[PDB]
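Given next, in structure tokens, is a single chain: the form solved without the named molecule.
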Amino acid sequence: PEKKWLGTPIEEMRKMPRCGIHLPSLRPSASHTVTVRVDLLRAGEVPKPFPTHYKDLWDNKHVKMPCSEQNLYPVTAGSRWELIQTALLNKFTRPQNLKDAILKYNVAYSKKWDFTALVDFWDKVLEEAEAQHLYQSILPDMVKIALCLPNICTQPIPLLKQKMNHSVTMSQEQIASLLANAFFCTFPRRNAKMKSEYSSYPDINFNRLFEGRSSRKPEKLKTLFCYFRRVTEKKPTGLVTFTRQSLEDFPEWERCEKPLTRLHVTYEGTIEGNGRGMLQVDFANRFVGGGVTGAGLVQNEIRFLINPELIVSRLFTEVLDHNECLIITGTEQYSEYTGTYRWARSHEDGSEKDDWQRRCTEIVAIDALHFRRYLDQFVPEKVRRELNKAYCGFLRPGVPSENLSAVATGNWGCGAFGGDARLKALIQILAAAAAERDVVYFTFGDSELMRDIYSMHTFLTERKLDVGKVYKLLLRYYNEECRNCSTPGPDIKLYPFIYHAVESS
């Protein structure tokens, strides 16, 4: 029988907080927006906002806040924020009450936004007492934090545009207020099909969670209301950092002399459960979070539900270009799940916090390409694209490699997305090697794949092939077995080809 895991013992892999650099003082800079009072930051205390009082920017470089005095609506032109306040400061006893409240400041979508799934959740899925608690406690508490937005998020939030290398660090409390607003669909300029300014950003308002008959919707709502119940009953005290990273220069893959690093590979366990303290790869959509606020539940998006603070990145994160990723440090897990997705129960996150009061949970969104024609991914241009995407996700400029955790990852962009698991494993191993990080690879039930990955890594390591030598083998595979292949896949597979090439010298 196959073993459960192979390679380096997982406990010998580096992880946070132990491996981490000494953090300098948290402070704003040209590359770092910090929305809280750093001098008053104290463990277990809700951070205070900086500035003390709301300051507004309504322009193309910052989030358009719903509480802006430039957020106008027909009443003459009147305050949409005052209308939002009046709409939401009402008693809800039936789901149509919530629908009508939300539509008061979204009149243009009165017909276009269906609320069938919300109605069904409220009346059919919840028991009478659960529904009562929803509308007597949770929803009014959600309204309170949402309408406190100008007192909570006092500092303009910059848009993380393409090509920006920039960080935003905000409190979990600030994020809660932002997400309560997203639930009540209050963010202006984020709704229209013909959107101009925000066409290159993901949806943020939660309207599409309320629509349709999908049996998935009630499980999404359960998971989000678990979060909203938690943060309203006990205000979170941590910080979260969102960093856009955009690299212009990449390794010279054909000549790279860096050695392969360590590997732990296993067909049991999960990235979030067993990669604690490690850099956790989110198998992302280029629109980060993908369809999380609307339809379907695909590769990675479950993470955005169980760590819902990740969702707020959609407010300010432009669609990722090929050379870009988003790194999120400090999100908390609020829910556990089974499966077929179903909310199981709440989660009490036990992670330690770093010196900036950020939970030791680092997630990187990197989007694989889709391969609608299988052989496309072996073309050198496409191998390099994926290498560079992974490398951007793994690299930490100016951080010594000894202070970097192992990368916790798995079958990135494979299955129905068209990626070949064995190629993608080797691509991630090479990118990790170039960024000088070890790899913890979860195959999620596939024990033969675990063995095949371990066997290849062992062979390449023992024969002392560096990144460049392995890349050259991938080029040979393309040129000799793929370029002229007239069938969907070649007769000789990649790993067998690599073994024979090296063994024949």
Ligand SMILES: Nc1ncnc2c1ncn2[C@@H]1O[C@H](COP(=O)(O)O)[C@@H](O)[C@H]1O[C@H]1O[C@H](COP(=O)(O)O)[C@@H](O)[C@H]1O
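A residue's number is simply how far along the shown sequence it sits, counting from 1.
In what follows, reference is made to the form solved in complex with the named molecule, a form of this protein that is not presented.
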Check your understanding: Within 4.5 Å of the named molecule in the entry with it bound, heavy atoms considered, which of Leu57, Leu465, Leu473, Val38?
Key -> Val38
Revision key, fill the gap. Heavy atom within 4.5 Å of the named molecule in the entry with it bound, from candidates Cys67, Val63, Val34, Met450, belongs to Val34
Revision key, fill the gap. For the named molecule in the entry with it bound, the stretch among 432-440, 474-482, 49-57, 456-464 with residues bearing a heavy atom within 4.5 Å is 49-57
Exercise for review: May I ask you to list the residues of 385-411 that have any heavy atom within 4.5 angstroms of the named molecule in the entry with it bound, in sequence order?
Suggested key: none
